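The chain that follows stands alone, in the form deposited in one PDB entry, written as structure tokens.
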């Protein structure tokens, strides 16, 4: 009813339970004015949005109908690595049921995708991704209850012969970006706002593309990061989202009109082919060209709601017991990527920590590309990057590091078990940039 806007179908918990059988299958679909066969969850691209509340039980049976093995990563969920098992392999024609309980204080936008080492980048690029939304009591305050809410899944694509384009040697080095820059699987959709205040949940599910988001004539009011709410709204003129990151923002439409949401130029350090070249620029790729993500039409006579005065206080964390240093490095021509000089070995435990303690992790990017660092299972607080303070307090699970930047993270260790940390330019994860944490 009303104007339509492309957005994944939502599956909601009922009576405290979200039970769903989700098949991973090659699927012919309509895409940007053409037909292409993608790999999808639940027959759609993006996959369905799972919407739950804290304390819900999720029982998701993943039916592997792919020609290769796969698994799921429950990205951002602070659950057991025995459930969110990065080492599990589901063979073709087999199923696996993931069962877990939504933590009581959790809120925000999360997502699910494959995590079978060696095949993450082709599988995610082919379309296997979906969102998970955890509702909050805070969603009931009038300043959020009356906002018009939408999910925006930012994910690019490239097609060749009616199927996802193959990975090239350059893609393994830079990570693969596509020429079709899509929102919720649609090319430059139009959102005709019925309310003057919007609450946009934002998900970068791309392999490697960065989204330097800006809305014409409007600031954004950041109310949530990857893994939960900020303590109060933070006004920004623009918002960079690296692969794997999420945010939620309020938009306050002041005037009537049509406003572009853009991904402004951003140079993440990707490298071009050659050396033999023109005069000054042809080695690095340089900044991305600007892209139009969607058109936003304000309602008539728009009168936005007041911003909420507070959101969620951020828990004070105990003093840390351990300091760790994780150094990221690259060998670009070999397209090999390292942490503390090693490539991932699933039979090698790299860090051993104690459950119910807090550590500080210093993650240092000694490469020339941006690398977005992700830690499974244990959300963290970013204290500083480059020795300067982070701009807000909120749970994160991906932190972007530009060349030479060192991030200092407070990592509370929660669930026992063996889990992983890795770059979320998933090509780099496939090519080495992953290590193993064991919590006891």
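Numbering follows the first chain given and starts at 1. Each form is matched to the other, and the largest set of C-alpha atoms that superpose within 1.5 Å is called the rigid core.
Only in words, not in the display: the form deposited in another entry, which the text now covers.
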statement: Of 286, 277, 169, 142, the residue whose C-alpha shifts by 2 Å or more between the shown form and the other one, after superposition on the rigid core, is 277
Cα-Cα shift for residue 288 and residue 279, closer or farther in that other deposited form, minimum 3 Å: farther
statement: Under comparison with the form shown, the C-alpha atoms of residue 371 and residue 275 in that other deposited form shift by 3 angstroms or more, placing them farther
